[PDB]
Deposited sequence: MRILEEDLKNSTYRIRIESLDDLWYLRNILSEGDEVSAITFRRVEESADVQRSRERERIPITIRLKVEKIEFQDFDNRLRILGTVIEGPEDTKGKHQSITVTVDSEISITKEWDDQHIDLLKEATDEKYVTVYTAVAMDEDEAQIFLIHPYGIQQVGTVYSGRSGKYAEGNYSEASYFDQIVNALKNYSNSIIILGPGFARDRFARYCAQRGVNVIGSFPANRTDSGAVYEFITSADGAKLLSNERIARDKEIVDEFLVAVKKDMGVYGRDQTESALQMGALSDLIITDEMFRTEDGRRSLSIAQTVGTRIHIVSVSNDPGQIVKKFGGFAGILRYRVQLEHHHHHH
């Protein structure tokens, strides 16, 4: 994301979408009734009171449903890479952060991860907020025992359409052989790290490992993982709290050191309500995104979770 200009007086920022992921960020930045402005076409502007946003994680287009103000009837703005937008609203800390994050290369890097066996390789894109399965190459080895080269070859083809640093994962050294195979084709990798299985789980676990940390411990995905794990360990050790009621409850009595709520519940009034209470009470805040599995966990628990402390 790129910030073109701003108007402090009217709480506005003009941002330019540069990547697909920028849409995900835009989506989290926009809310209920914000005022958005765009130039449509012999150029004409279109200011709007947002009423609904249409966007699915990993999409390439973003739709702002609305009511024109700059007349009166419903209309719509379609955001895509290269689009420019003026957003007016009250910018709380969470939203300002989304902006600082979207525009910082150090935080939005995308990696291509290949978790492979001797007979199967799954490719994923590690977005700064979640994992996106993007294919699967079977070696067929069982059915042909066969040249591992044409399997490795299948993997390289599936990777041609992407251009991010590569991380190779997997159980038995098939990863090492493949990394060596890629070096001969020019294609160089950060890669090759052991992993129990060959599924998404492997990617998250890599995120959680020493090497994973050195690489992306600051990205959202890694952060949401870190806290939700703490919570999971918390609940096991009888120091955790889940569910709106129970959590809000423990929050109110300054009995919890960490308040974990979801992406979704933050767009909720209780959500925003509890965040401030949390600041009053002296409790750390954590907004986990349902766009990754750590978020999914908290979602299932109700969207609210907390880690206990001796009543403050």
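Within the chain's deposited sequence, the coordinate-free stretches run 42 to 54, 84 to 92, 168 to 171, 339 to 347 in sequence order.
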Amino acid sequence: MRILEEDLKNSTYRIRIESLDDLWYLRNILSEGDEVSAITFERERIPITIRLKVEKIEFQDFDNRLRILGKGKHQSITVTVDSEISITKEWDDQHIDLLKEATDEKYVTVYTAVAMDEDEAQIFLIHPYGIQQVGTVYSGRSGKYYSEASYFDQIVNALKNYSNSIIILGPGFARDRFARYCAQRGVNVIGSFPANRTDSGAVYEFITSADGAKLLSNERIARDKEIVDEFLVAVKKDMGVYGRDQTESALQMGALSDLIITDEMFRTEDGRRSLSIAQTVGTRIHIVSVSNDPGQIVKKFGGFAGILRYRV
From here on, numbers count along this sequence of modelled residues.
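Stretches compared: 179 to 187, 226 to 234. Higher mean C-alpha B-factor in the entry: 179 to 187.
The PDB entry records a higher mean C-alpha B factor for 148 to 156 than for its counterpart among 148 to 156 and 191 to 199.
Going by the entry's values, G72 shows the largest Cα B-factor out of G170, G212, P128, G72. Per-chain ranking of the deposited C-alpha B factor places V312 in the highest third.
Ranked by C-alpha B-factor against the other modelled residues of its chain, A305 falls in the middle third. Sort the modelled residues of the chain by CA B factor and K9 lands in the highest third.
Ranked against the other modelled residues of its chain, the C-alpha B-factor of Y162 as given in the entry falls in the highest third.
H286: CA B factor lies in the lowest third for its chain, per the PDB record.
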